[PDB]
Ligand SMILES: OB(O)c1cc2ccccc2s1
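In structure tokens, one chain follows: the form solved without this ligand.
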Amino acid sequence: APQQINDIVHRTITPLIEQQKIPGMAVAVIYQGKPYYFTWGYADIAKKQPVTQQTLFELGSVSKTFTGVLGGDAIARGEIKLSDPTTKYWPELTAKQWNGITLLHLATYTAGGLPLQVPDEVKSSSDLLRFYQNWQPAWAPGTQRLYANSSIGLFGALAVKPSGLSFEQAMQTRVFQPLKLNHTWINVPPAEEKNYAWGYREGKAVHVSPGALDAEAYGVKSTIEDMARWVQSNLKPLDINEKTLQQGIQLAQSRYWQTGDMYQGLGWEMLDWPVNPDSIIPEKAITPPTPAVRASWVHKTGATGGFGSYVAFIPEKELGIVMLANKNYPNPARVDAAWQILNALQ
């Protein structure tokens, strides 16, 4: 790798690993449209199995970028419109509080205080319907953002419906396959388990628990190579041959909502570039949404019990980074490390 990349990556990530006691990490830097890979530590501590470029990590909430782009690919196809009411895709949602709640609201976390997590007791499809039917907004829809899995989880599940495909299959056939993300999974196959890192919560080896709407919100697993490829695809959508997927990516980076200095996209979140880490670490809709601004810090954090992940990229600079850890360390530390690297190479 270019020495200048080697230099900052090693000086930045290595101590980050020791401070946070991360068992294993993989990093990718996208520099002038090429990826460079870095690996440290262990995917499985007990078996002394090292992290490689083949290692699967849980992406957690970074999954939502796939979801957003898939939702975006659906808008481009004409299958859905953000303005569509929720009840158009789930007529069974008859309770009056859903009157006027739209896909936009769901996608942007502005439905009115949908909760952080779908409650644990929700297991069946009828549990899920009962949960949303009995939920009462904490404030008016369309007025105030509260980040929520039960919000973007629902959006992704609804956005696939016109297509007739399950969310898992829309995701695989419209997003994963056309971008050759051949080692990116919602469900890891038996033969890939040897590549699936263990996550580490309080010293014990864990893996993400099944939960309702887990696929849509936090359940993707991927390798550093595929995630680098995911960043290349979002950095340069124009290289993508499939037109709806090209527009889908672009729409995901539109700005639909501003809160403080942050802009809500579909999955992706954004800040005007340049910004300093402190600001990465006034509340209103943007109508119509601002088309994607190339001078942006486009990013997303992700966590599960045993994993911490981060992706960020600046389109203007054709620059990006992916950091995948099998331990869930604090988000500020991720944004500090990444900004240091991208800023050094800017």
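Residue positions are given as counts along the sequence shown, with the first one as 1.
The same protein has a further form, the form solved in complex with this ligand, not shown here; the description that follows concerns it.
- When this ligand is superposed onto this form from its pose in the bound PDB entry, none of its atoms comes within 2.4 Å of a backbone or C-beta atom, and the site is therefore classed as open.
- Screening 188 to 196, 112 to 120, 222 to 230, 255 to 263 for residues having heavy atoms within 4.5 Å of this ligand in the bound PDB entry returns a single hit, 112 to 120.
- Contact check at 4.5 Å (heavy atoms) against this ligand in the bound PDB entry: none of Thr102, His105 and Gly142 pass.
- With the partner removed from view, the residue among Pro289, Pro35, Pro315, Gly302 that has a non-hydrogen atom within 4.5 Å of this ligand in the bound PDB entry turns out to be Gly302.
- Interface membership of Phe131, defined by any non-hydrogen atom within 4.5 Å of this ligand in the bound PDB entry, is ruled out.
- In the bound PDB entry, at least one heavy atom of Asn149 sits within 4.5 Å of this ligand.
- In the bound PDB entry, this ligand lies farther than 4.5 Å from every heavy atom of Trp268.
- Proximity of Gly60 to this ligand in the bound PDB entry: non-hydrogen atoms within 4.5 Å are present.
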